[PDB]
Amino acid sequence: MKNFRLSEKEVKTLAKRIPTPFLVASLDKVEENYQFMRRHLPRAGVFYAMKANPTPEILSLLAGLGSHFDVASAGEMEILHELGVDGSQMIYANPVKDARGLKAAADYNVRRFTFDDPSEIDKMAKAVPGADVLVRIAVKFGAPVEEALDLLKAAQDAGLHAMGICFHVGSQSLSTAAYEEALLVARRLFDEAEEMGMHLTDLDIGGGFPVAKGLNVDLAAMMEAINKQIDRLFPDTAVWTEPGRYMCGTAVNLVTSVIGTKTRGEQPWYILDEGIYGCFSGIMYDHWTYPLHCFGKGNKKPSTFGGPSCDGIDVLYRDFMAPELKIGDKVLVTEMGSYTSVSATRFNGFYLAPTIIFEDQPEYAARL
């Protein structure tokens, strides 16, 4: 498992014929990440958290491979529908659902819906009578385990089908022991519910998986421990996972050029043609950090990179060791797949940087 990276020569040839900034996504890498999870965690169907990356080619690839989808809004389920994706392969997993979104959900025939609060029941019962609902469980957001069953019975009472439960394990706190303890709590709640008159049939595990193999744990071995725990505890139940960052994050790169240089201070400044109102919006909204590769040879000094807009805050990196760069030189930013261009804007009238598909280019064929 390698992260998707473009070589220096690939960045130059691509930039010759696509004007910067642009993103480059690798469908091959997305597939690899999909097949990895399937190989090591076979018992979880995949609900793709498309909020992370909603690019149509990535989305089509995923429907091709069998992925279901995790929809947050009417506009998400609209994009999917034009690609031929049915609402039976959608779960509406926004906790608080818009009216416009519940309408969409009825029209498209979305099967599964999730909730943590009893104010949410009152409105799904009117909008989508008899819909299959899962409760989100905190083991902020989520619902106390001890209120989980009362919440499904309230749902069942208003004419919704109590179908099951989701938790989310945080990446920071991610461990095999953690998933194993949540599955135990889930198993108890199933058994308890059954004696309560409800047959729960579906269990949604969340995402919160990381990566590329240059990172902390042995994830293949971890998914196999979780998978073995699903097979012993939930051999008849439909199990799901909803990866988002996991699917895409290391599957996209940004190519962007130096459009100005400021040489006045001790520190050189370099203005790029993408910034915090475009793809680097991740910095503000995801609190994330993107590896930056400048390509000159020569001596390095501490250097600031700025974005292209009239705002003070359009600064991406400071005291970053980089060589001497000219205008028109190209830099490359990896880990640009998730929660980046989702947050981009046309602030200052600027265009959204397009996403180019790597497999539809000579450079991809050239890898041989």
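Numbers follow the displayed sequence, beginning with 1.
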Unmodelled stretch from the deposited sequence between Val139 and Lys140, which bin: none, 1 to 3, 4 to 9, 10 or more?
10 or more
Between residues given as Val211 and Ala212, how many of the deposited sequence are not built: none, 1 to 3, 4 to 9, or 10 or more?
1 to 3
Comparing 311 to 319 with 54 to 62, which stretch shows the greater average C-alpha B-factor in the deposited entry?
311 to 319
I need to verify one thing: averaged over C-alpha atoms only, is the B-factor higher for 346 to 354 or for 7 to 15?
7 to 15
When the entry's CA B-factors for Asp107, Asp86, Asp202, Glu194 are compared, the highest one belongs to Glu194
The largest CA temperature factor among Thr241, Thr250, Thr263, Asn94 is found at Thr263
For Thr114, return the chain-relative third of its C-alpha B-factor as stated in the PDB record: lowest, middle or highest.
middle
Ranking every modelled residue in this chain by its Cα temperature factor as given in the entry, which third contains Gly170?
highest
Which third, lowest, middle or highest, does the CA B-factor of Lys301 fall in along this chain?
highest
So where's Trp288 on the chain's Cα temperature factor ranking, which third?
highest
Ranking every modelled residue in this chain by its Cα temperature factor as given in the entry, which third contains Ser73?
lowest
